[PDB]
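Note sheet for the following structure.
Each chain gets a letter, A, B and so on, in the order its sequence line appears, and its residues count up from 1. Values below: every heavy atom of this structure, side chains too, minus hydrogens, waters and symmetry copies.
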Amino acid sequence: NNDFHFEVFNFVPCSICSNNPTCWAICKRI
Amino acid sequence: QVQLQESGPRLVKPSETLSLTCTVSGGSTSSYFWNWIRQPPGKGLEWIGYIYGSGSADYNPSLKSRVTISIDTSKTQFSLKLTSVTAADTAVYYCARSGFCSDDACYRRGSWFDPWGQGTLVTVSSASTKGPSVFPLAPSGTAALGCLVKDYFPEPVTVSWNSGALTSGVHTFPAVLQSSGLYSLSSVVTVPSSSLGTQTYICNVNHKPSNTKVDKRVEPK
Amino acid sequence: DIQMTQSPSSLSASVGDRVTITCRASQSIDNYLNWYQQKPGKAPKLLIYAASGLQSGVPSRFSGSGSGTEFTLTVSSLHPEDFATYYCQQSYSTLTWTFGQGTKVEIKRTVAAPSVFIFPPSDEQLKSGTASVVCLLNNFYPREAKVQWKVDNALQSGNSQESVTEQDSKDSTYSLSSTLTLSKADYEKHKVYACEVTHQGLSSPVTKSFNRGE
């Protein structure tokens, strides 16, 4: 499949932030 | 640059349906979250709802029973539908993107609204559309002149001077609702007294709700 | 449901003042508080994201602090172009994101007296049976002004309406229009039409007048 996964309940997990500063600003360690 | 633009009718009768479309350019609706937000004149901001993906949507509870948001098959547009409108739904309506997206996942929580559309005013009333009349405010080191834009419905009208080339010292005042139920406004500008003979000053009036455009040259009487 | 309580509702400040706006959330929202700035007739523009991130393109004199329930937006040195309404907005709720009520920031500056101008009704308008007489007060501060209409020296009441512009983004002044609305027959029964302007910047009132037809 090619569609994105969508998540509206969980916070951004820091494990996916790579080197994106937007991600790191809002993530949580889960 | 992902850019957003609202479009739709500017005047809706009470009990009818309000519909608007947001067109997205430089981007696709197949990622991120696409929002509608409104602001009644002089009031604050109220979030309406959002849509994402294949067409999953959810709504502000104060409006859920009357609101539907839908996503289009070109994947460049999404749309607001609001039923059973009353004058309380008169407002400026904005579309906006939210969310953070990685390569394969888009998260909404803790994000923000950016970018936004320009916003479009929608008026709920049973009065009918009427285009304005435009009259000169004729100049008597610096002179003032302008255009009186009288008896139109509904808001808004836009005024510019010399096709946008003249903006310094321009004042377009907020419209006033007259006892007749029609709006009036004036737009003025200060110019050098010495040019009143040879330089043209034209006020460009556009009333989009009635498809009325008027260009009026203002001169000493 | 999460409500944001923003204070104060309104403030006036001088160029160079430090300004602080506070926002309180009805429950803890961690760092998920965003601030926007809305200039009149334009969409809100994001200033601060996630409580203290400074949005790209925004000058550093804006900054945000706090976490949990108490947040603050600070302008370290106010500029004239900072005139706007500022909103907090929480993104912690899983469903409804909500805004504060707004804080209207006005720029306080030195007194500036209005230039006054009067405009008689146009001949084209008079064909249509109504006469609008317009009085213009240009580029003044402060806000408060009195315009009195006199027709052949008789004080008018009930037949004028006023409109004021928003504060100018460079010089912080206001302009104001007063429109006297008369029927054609009434307008034609009188001769002298006068606008009398009273304002803190004027040691004596300024009166602009015309005689109908000259």
So, taking the atom named [atom1] in [X] and the one named [atom2] in [Y], what distance separates them when rounded to the nearest 0.5 Å?
X: B:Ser102; Y: A:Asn20; atom1: OG; atom2: CG; value: 9.0 Å
X: A:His5; Y: B:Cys101; atom1: NE2; atom2: SG; value: 12.0 Å
X: B:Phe100; Y: A:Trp24; atom1: CZ; atom2: CH2; value: 11.0 Å

Quiz item: For A:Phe9, does its backbone N or O pair with a side-chain atom of B:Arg109 as donor and acceptor, under 3.5 Å?
Solution: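 Checked: pair present.
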
Practice problem: Using non-hydrogen atoms and a 4.5 Å limit, figure out which bit of B:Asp103 sits close to chain A: side chain, backbone, both or neither. | Solution: backbone

Self-check item: Parallel, tilted or perpendicular: ring planes of B:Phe33 versus A:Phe6, cut at 30 and 60 degrees
Solution: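 Perpendicular: the ring planes of B:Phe33 and A:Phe6 meet at over 60°.
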
Considering residues, nucleotides and ligands other than [X], do more than 12 of their heavy atoms fall under 6.0 Å from its [atom1]?
X: B:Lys213; atom1: NZ; value: no
X: B:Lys81; atom1: NZ; value: no
X: B:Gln178; atom1: CD; value: yes

What's the shortest heavy-atom distance between [X] and [Y], and which atoms?
X: A:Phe4; Y: B:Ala105; result: CD2-N, 3.9 Å
X: A:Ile26; Y: B:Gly110; result: CG2-O, 3.4 Å
X: A:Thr22; Y: B:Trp112; result: CG2-CH2, 4.0 Å

Quiz item: Given the rule in the side-chain contact (heavy atoms from CB on, under 4.5 Å) test, do A:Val8 and B:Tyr107 qualify, once you have shown the distances and angles that lead to the verdict?
Solution: CA-CA 6 Å; A:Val8 310; B:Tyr107 296 72; over 6 Å; no

